[PDB]
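# Commentary on secondary and tertiary structure
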Amino acid sequence: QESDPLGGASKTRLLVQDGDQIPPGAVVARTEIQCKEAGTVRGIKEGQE
Amino acid sequence: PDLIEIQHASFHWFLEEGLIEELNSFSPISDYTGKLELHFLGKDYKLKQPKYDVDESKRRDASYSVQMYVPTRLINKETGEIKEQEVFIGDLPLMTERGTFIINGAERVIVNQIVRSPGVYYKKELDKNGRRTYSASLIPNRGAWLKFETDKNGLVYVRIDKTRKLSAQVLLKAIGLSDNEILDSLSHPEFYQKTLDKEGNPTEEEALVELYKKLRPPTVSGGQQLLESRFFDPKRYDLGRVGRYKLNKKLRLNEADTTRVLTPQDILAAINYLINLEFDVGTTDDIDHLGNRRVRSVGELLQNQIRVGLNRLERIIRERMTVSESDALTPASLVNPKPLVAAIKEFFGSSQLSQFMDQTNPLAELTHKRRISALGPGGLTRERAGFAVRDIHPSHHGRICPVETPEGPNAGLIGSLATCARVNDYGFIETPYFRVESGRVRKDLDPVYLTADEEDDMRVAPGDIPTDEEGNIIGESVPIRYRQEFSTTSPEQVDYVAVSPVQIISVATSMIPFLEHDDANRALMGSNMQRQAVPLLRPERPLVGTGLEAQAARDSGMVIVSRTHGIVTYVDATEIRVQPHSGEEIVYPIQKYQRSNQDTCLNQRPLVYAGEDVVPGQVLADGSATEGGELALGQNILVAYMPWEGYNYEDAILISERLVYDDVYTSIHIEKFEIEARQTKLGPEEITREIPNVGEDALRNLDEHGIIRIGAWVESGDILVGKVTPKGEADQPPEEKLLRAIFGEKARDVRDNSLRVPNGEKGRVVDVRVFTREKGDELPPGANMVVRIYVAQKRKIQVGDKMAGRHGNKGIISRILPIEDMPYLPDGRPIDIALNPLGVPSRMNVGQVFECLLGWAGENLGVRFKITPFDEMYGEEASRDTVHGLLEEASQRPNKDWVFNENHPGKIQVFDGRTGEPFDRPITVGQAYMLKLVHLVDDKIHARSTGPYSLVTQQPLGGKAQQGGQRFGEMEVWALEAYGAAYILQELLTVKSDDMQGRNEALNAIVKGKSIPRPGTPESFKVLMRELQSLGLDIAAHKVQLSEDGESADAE
Amino acid sequence: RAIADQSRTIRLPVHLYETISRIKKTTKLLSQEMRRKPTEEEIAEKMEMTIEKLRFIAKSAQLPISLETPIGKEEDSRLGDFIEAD
Amino acid sequence: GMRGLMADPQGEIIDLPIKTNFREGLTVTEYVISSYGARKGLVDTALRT
Amino acid sequence: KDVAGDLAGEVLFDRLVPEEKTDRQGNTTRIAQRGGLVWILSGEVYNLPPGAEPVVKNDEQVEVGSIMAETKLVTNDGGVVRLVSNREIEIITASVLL
RNA sequence: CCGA
Ligand SMILES: Nc1ccn([C@@H]2O[C@H](COP(=O)(O)OP(=O)(O)OP(=O)(O)O)[C@@H](O)[C@H]2O)c(=O)n1
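Residues numbered from 1 in each chain as written, not as in the entry; some residues may be left out. Chains lettered and ligands numbered in written order. Part of a larger assembly, values for the part shown. Heavy atoms only, no water. Residues with missing side-chain atoms left out of burial classes, pairs and counts.

As recorded in the PDB header, cryo-EM is the method behind this entry, and the stated resolution is 2.96 Å.

## Describing the overall build of chain A
Per the secondary structure count, chain A includes zero helices and one strand. In terms of overall dimensions, chain A has a C-alpha envelope of 40 × 30 × 20 Å along the principal axes. (Helix = DSSP H or I, 4+ residues; strand = E, 2+ residues; numbered from the N terminus.)

## Concerning the packing of helix α20 (residues 847-861) of chain B against helix α21 (residues 878-891) of chain B
All names here are of chain B. At a minimum axis distance of 9 Å, the contact between α20 and α21 shows a crossing angle of 25°. The angle between α20 and α21 places the two elements in the roughly parallel class. Two packed elements cross with a definite hand, and for α20 against α21 that hand is left-handed. Contact residues: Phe-850, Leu-853, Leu-854, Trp-856, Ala-857, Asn-860 and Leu-861 in α20; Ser-879, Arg-880, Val-883, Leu-886, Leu-887, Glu-889 and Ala-890 in α21. (Axes fitted to C-alpha atoms, helices over the stretch in contact; angles between N-to-C directions. Parallel < 35°, antiparallel > 145°, perpendicular 65-115°, else oblique. Left-handed = near helix turned anticlockwise from the far one by under 90°. Contact = heavy atoms within 4.5 Å.)

## Concerning the sheet that holds strand β6 (residues 101-102) of chain B
Residue and element names in this part refer to chain B. Within the open sheet, the three strands sit side by side as β6-β7-β15. Their pairing is antiparallel. Two strands close off the open sheet at either side, each with one partner strand: β6 and β15 (354-356). As judged from the three bridges shared by strand β7 (residues 107-110) and β15, these two strands associate in the antiparallel manner. Each bridged residue has a counterpart across the sheet, and for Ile-110 the counterpart in β15 is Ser-354. (Pairing = 2+ DSSP bridges.)

## Topic: the packing of aromatic side chains
Applying the stated criterion to the full structure yields 16 aromatic pairs over all chains. Plain terms: the ring middles of B:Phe870 and D:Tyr31 are 5.6 Å apart, the flat faces sit at 85° to each other, and that makes the pair edge-to-face. In this pair, B:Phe870 is assigned in the loop between β54 (865-866) and α21 and D:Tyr31 in helix α1 (residues 28-47), connecting two distinct chains. With a relative accessible area of 2%, D:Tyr31 lands in the buried category. Its guanidinium or amino end placed over the ring of B:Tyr449, B:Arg422 lies 3.7 Å from that ring's centre, counting from NZ or CZ. Directly above the ring of B:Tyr570 sits B:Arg577, whose terminal nitrogen or CZ lies 4.0 Å from the centroid. (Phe/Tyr/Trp six-rings, centres within 6.5 Å; stacked < 30°, edge-to-face > 60°. Buried < 20%, exposed > 50% of the residue type's maximum accessible area, 1.4 Å probe, protein only. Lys NZ or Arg CZ within 6 Å of the ring centre and 35° of its normal.)

## Side note on the site of the ligand
Residue and element names in this part refer to chain B. Contacts to the ligand come from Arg-522, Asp-651, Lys-810 and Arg-843. Separating an oxygen atom of the ligand from a side-chain N or O atom of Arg-522 is a distance of 2.5 Å. A distance of 3.4 Å separates an oxygen atom of the ligand from a polar side-chain atom of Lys-810. Look at the ligand: alone it shows 610 Å² of surface, and the protein chains cover 25% of it. Counted by class, the shell around the ligand contains no nonpolar, no polar and four charged residues. (Near = heavy atom within 4 Å. Polar contact = N/O pair within 3.5 Å; in protein donor to acceptor, adjacent residues only side chain to side chain. Areas by Shrake-Rupley, 256 points an atom, 1.4 Å probe, with all protein chains shown as cover. Nonpolar A, V, L, I, M, F, W, Y, C, P; charged D, E, K, R; others polar.)

## Comments concerning the protein's contact with RNA strand F
The environment of RNA strand F is formed by B:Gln355, B:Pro406, B:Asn410, B:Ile414, B:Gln532, B:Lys802, B:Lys810, B:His935 and C:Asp76. What you see for RNA strand F is that sugar and phosphate hold 93% of its atoms within 4 Å of the protein. In the model, a phosphate oxygen of RNA strand F is placed 3.0 Å from a nitrogen or oxygen of the B:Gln532 side chain. Interatomic distance of 2.5 Å between a side-chain N/O atom of B:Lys810 and a phosphate oxygen of RNA strand F. Residue composition of the surface near RNA strand F, grouped by class: two nonpolar, four polar and three charged.

## Here's the deal with the nonpolar core
Residues and elements named next belong to chain B. Formed by 45 residues in total, the largest nonpolar core has its most connected members in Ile-655, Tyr-665, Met-803, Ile-833, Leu-887 and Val-925. Elements that contribute at least two residues to this core include exactly β38 (635-641), β39 (652-656), β52 (810-817), β53 (833-835), α20, α21 and β56 (923-932). Ranked by residue count, the leading element in this core is α20, at six residues. Every residue in contact with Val-925, bar those within four places of it in the chain, is listed here: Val-639, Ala-640, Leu-825, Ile-831, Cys-852, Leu-853, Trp-856, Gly-906, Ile-908 and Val-910. (Core = buried A, V, L, I, M, F, W, Y, C linked by side-chain atoms within 4.5 Å.)

## What about a nonpolar patch on the surface?
A cluster of nonpolar side chains, namely B:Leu951, B:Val952, C:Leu67, C:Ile71, C:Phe82 and C:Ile83, defines an oily patch on the protein surface of about 490 Å² accessible area. Tracing the backbone through its elements, the reader meets C:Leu67 in the segment after α4 (51-60). (Patch = residues over 30% accessible without salt bridge, like charges linked within 9 Å, V, L, I, M, F, W, Y side chains within 5 Å. Salt bridge = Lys/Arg side-chain N within 4 Å of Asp/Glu carboxyl O.)

## Topic: the arrangement of the chains
Looking across the four pairs of chains in contact, one finds the most contacts between chains B and D. Nowhere do chain A and chain B come into contact; their C-alpha atoms are at least 10 Å apart. Taking C-alpha atoms only, the smallest gap left between chain A and chain C, which are not in contact, amounts to 50 Å.

## Comments concerning the pattern of salt bridges
Residue and element names in this part refer to chain B. The tally for this structure, following the rule as stated, stands at 55 salt bridges over all chains. The residue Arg-481 makes a salt bridge to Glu-454 at a minimum N-O spacing of 3.0 Å. One end of the pair, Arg-481, is in strand β23 (residues 478-482); the other, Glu-454, is in the loop between β21 (440-441) and β22 (460-461), and 27 residues separate them in sequence. On the basis of relative accessible area, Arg-481 is assigned to the buried category, the value being 10%.

## Quick look at the interface of chain B and chain D
Each partner contributes residues to the interface: chain B has 35 residues there, and chain D has 25 residues. Buried area between chain B and chain D, summed over both chains or domains, comes out near 2800 Å², and the portion from carbon and sulfur atoms is 65%. When the area that chain B buries against chain D is broken down by residue, the three leading residues are B:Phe387, B:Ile392 and B:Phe486, summing to 23%. There are two salt bridges connecting chain B and chain D. Ionic pairing is found between B:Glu877 and D:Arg23, a salt bridge with its closest N-O pair at 3.3 Å. Our enumeration of links across chain B and chain D arrives at seven residue pairs in polar contact. At four residues, the largest contribution of residues to the side of chain B that touches chain D is made by helix α15 (residues 520-530) of chain B. For the side of chain B that touches chain D, the class distribution of residues is 19 nonpolar, six polar and ten charged. (Buried area = accessible area lost by both parts, 1.4 Å probe.)

## Some thoughts on the sheet that holds strand β35 (residues 619-622) of chain B
Residues and elements named next belong to chain B. Sheet architecture is open: three strands sit in the order β27-β35-β33, paired in antiparallel fashion. Two strands lie at the open edges of the sheet, namely β27 (560-561) and β33 (605-606), each paired on one side alone. Relative to β35, β33 is paired through two bridges, and the arrangement is antiparallel. By the bridge assignment for β35, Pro-606 is matched with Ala-621.

## Quick look at the pairing of strand β30 (residues 586-589) of chain B
Residue and element names in this part refer to chain B. A one-sided burial pattern is seen for β30, the buried positions being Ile-586 and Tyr-588 and the unburied ones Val-587 and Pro-589. Bridging between strand β29 (residues 575-580) and β30 involves four bridges; their strand directions are antiparallel. Bridged to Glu-575 within β30 is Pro-589.

## Quick look at the interface of chain E and chain A
Contact with chain E, which involves 29 residues of that partner, is made by 29 residues of chain A. The residue makeup of the side of chain E that touches chain A, split by class, is 13 nonpolar, ten polar and six charged. Bridge analysis of strand β1 (residues 39-40) of chain A against strand β5 (residues 61-62) of chain E gives two bridges, and the strand direction is antiparallel. Considered in β5(E), the bridge of A:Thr40 is made with E:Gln61.

## Some points on the environment of A:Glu32
Inspection of the secondary structure puts A:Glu32 in the segment before β1. Taking C-alpha positions, A:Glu32 is 8.6 Å from A:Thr12, a pair spaced 20 residues apart along the chain. The residues contacting A:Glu32, other than those within four sequence positions of it, are A:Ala9, A:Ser10, A:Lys11, E:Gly65, E:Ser66, E:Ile67 and E:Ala69. Only 2.5 Å separates the side chain of A:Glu32 from the side chain of A:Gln34, close enough to count as a polar contact.

## What about α21(B)?
Residues and elements named next belong to chain B. The first and last C-alpha atoms of α21 sit 20 Å apart over 14 residues, in line with the 20 Å expected at 1.5 Å per residue. Those residues of α21 lying buried are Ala-878, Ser-879, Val-883, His-884, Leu-887, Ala-890 and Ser-891. The elements touched by buried residues of α21 are α20. (Expected span 1.5 Å × (residues − 1).)

Dropping the structure here:
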């Protein structure tokens, strides 16, 4: 409920439902992290997992 | 709001909820056999009425206490036996309506202690330059401290309070967590697994055996019970409500506030924060920040002392239940109240926090209750007090006054709460702020009371910014404080603003007008001298004030305040009666000539008359240093800043005789004398009229029992209580034997032991109360009767008395002149006091000239101004323009045009009283508010010819009360050695101290007019020789004479 | 027996300790009976001893105080600084 | 004239100027800044003798 | 004294040469041989948790409100999810009542 | 605790 402003805003959402047949070894859910502004991405460094 | 609200709220919290938690953590107790159970019903605890009230407890040297009864219930495990009985548990002294306590006939305050708050704190210590290493510290409210470490290699080391360093994985597996949730809980597991290999990974049973190998036959069940008793048990580890709150706040948890023990999730989160601090995320904490420091008032300290006493009491009850094999007891037999009474009496008698009260004037009484001290048990040591703990922090702005502090060795340790400050429910100090929206100060509702939430978040402006009324903040730059830095921003970016320009200062500093034109050290001196003024006979309000005087007089407690609407029906000097209308007569008692702690008067006078309406909150009676419902510490007198003929040379003071004959600066001081008729082995001491070696007319004021009467005049050496004691040795020398052989002279069996007036201390006897055990009283043991005598005296102003203003301008009166010799004004009015003008620009207190000029304008107008400090927000040179405009308007009166001269504004022409000639230059005259301090010359003059001596050293005693001598210390010996003066130094060390034969020989040679003989070895050197011999050292003096060595005998 | 023979500078005999304990029990029982107004006359009655003897026992039961104890809440004063040599 | 700059109780130098004298009167910010140097003088008098 | 400029972005080195040191305890320290300038090319930086992973590559324009990062919430041996009255992400929880 |  309390979020960081510099990191971003997240979605609470579940891709599976109550009583859903999920296979083992797969994903449960995921979130996004919001982008306040638009533009082109610079950044990503070498060798980082 | 009230100013002593912290004391009132803390004692109300103790009486409502604080004691119930102790009585609920107390119950239930059990025996080792498991057959008896005793539990205390704490919610229905009862308070008896006090045996005596405030004044009858003050004059009897007793406490103002209540009896506290907690009803118990004995349930039985063999049968249905329910035994319920009210049980006395101890004596609790009650807080009075002024917020004080009465312990052994003296008023006492419990000052507020500032300590480190419970919670987790991180710091960054480092090597020579080395590695940035981080350390944690988990502080509970009560219990062991959990600390964490990182070295240069990066090992996470945990330690307990005094032990050596062991590994955090060993601690975590000693708890019982799986290794799954440990590294599944962490954010960066690669940093922690680096420490996993070098330290190793133990099993749950393997970890329990190696803490016992370090904390202390290594066993795992013993170590499991050990760690369960250290951190996870109640009544041996309390994290506290504030500790749970701050630990949830720092580590971002939503753990329930009812849990007051430490959990392994908390240690996992602290390990996570410490690891994440090595990757540059998170914030290290400050130890002097006021968000990490809380205030402990009288509720918490009573709760802790009652916890210790209840631990002793339940140990006693468990031992008494385990020893007794026979059952069917009463609940009043198992409870021994003496450890709880002993703990409460120890807390209220012999604590650093329990202080003898400053009761000089209402301002000192109000300031002592708002003191914030950092010393005491659980606080600080004065030897461990560095410079950083005495520095001023930016978080102190608005909360702790930067000016008011002691000048002695405890400078920066004992602080003062500011004016608008307030302590919240968790113990942190908060200050009110107005909201600011779109550049406009809001001022629509109550303020916010930010509890140091304004450093990292808000931009806060002071309350002296210029602002047009019902409008925005004018100017494009607003001074703000932000992230503990001063800066300037636009008014549309300001979040909060202060509510008052005097929010930064305390009450006594807010008493000072034109504070911004004085130096801060002089403001400190002015506050300190304002707390030292004596209440005068006819108090008078200042012609220039600030506006807090009425609230200070209301919240001191020296003012009878009305409560209901009504009509006053009867007023005399001792009683005000009023029927209320909106058990139909309220009687307000008025105290008459009582004694304070500092031997000053506590007198009240009525203000209302018979037959007028009274609003609730109306002042009915005013106190000793209070008139008109406002604080009145001194008088308004006519100054002239000019030098006299060397009589105001170096801060000396010249005054006139009008301040003597007009009863200005006349005060009342009441001294108290006590004598006990003790029980001696040789016989009982009796208080009688028949005293040996006492003449005829030395017994006129004594009654038939040998005690003085009320209203008698006594001087130095007069007998107050005649007492004798049965001496029984009767070893007479031959001189006395021959003199009693010649002239009769039957030697009596008793000797004189009467109570006499000391040197000085003349006055009138006003109260001769006598306490006797067969009258209904009960005494200290071994004393038959106790007589208490109160002697009052009116002290006029004198040469040698101390005098001060509100701007740190102290001085000693050195000359009292007649009014025909004092300088006079061009209307013929003489000057009351001449102050030296050279003490102003070197000491840099310019506000006294502003105050005297404004007071003289108000004297010539008759208006009694009131000016709040920092008044330069309304314009440039606002104080100067106000003062000179009011002086011009006072000079526009039809008869008084000599008051102001436009050629030289603050000055006028002054004539000489002796010659009639005017002085060559115009002189600043005015009306200043001067004060009379407790430092009078009668309490300072002392002299000794020969008195008592010390036990072992046989040197003269010290102190005025025991006729002691002055100490000739080592620096005085160096000063005499830097001269010649070997004979002065030799007689100062031998025949004036600890050489008894030299003492007797010197006194006999001076009395018979002969030469003083040569002294011998002093007594303390022989004591040192015997002490060095008793240490086991063969030390001896030797003497050489004609090829011979011999050991000398110094004991002779 | 070691408590009653040592641990006190001016030592008291064993019968004095048992008399002090008996006086404590008697005062607590007569305070349970008579709830208010404690009475040394009935304390001396229930112990069958003289009241000045009871005062002697209560006077001998006091503990001594050291001459090196500080008077105030500081280290500037000492109890031996106020004792005059006889 | 002007008061200029104050000093910390340890000898450190503050960052802000005081552009007023005692005749014109200091502000609240300047009074806190002057209180820093007053605490310097008091603590040093109490501790270096 | 530390130079603390208040602007987030990517660091660029102009006329700056580093120097790596070895010390007693193992200190990795960067020294300037000759003093130069340090430039920061401005841009808003978003700190992601270490359990997350970005989707957008090293050069791609982002639209309004588009996805920036999504992580893998992967726990094993679970087939059917059943919840009653909480958020409480859980297991199949085949519990019995006799 | 305060005073110099
Ligand atoms: N802890 C202290 C405080 C004061 N003194 C002595 O007391 C004197 C204090 O002088 P005082 O009249 O209190 O202050 P002034 O220096 O005269 O300054 P002002 O006129 O502003 O009061 C000092 O010279 C010093 O010798 C001391 O020995 N130790």
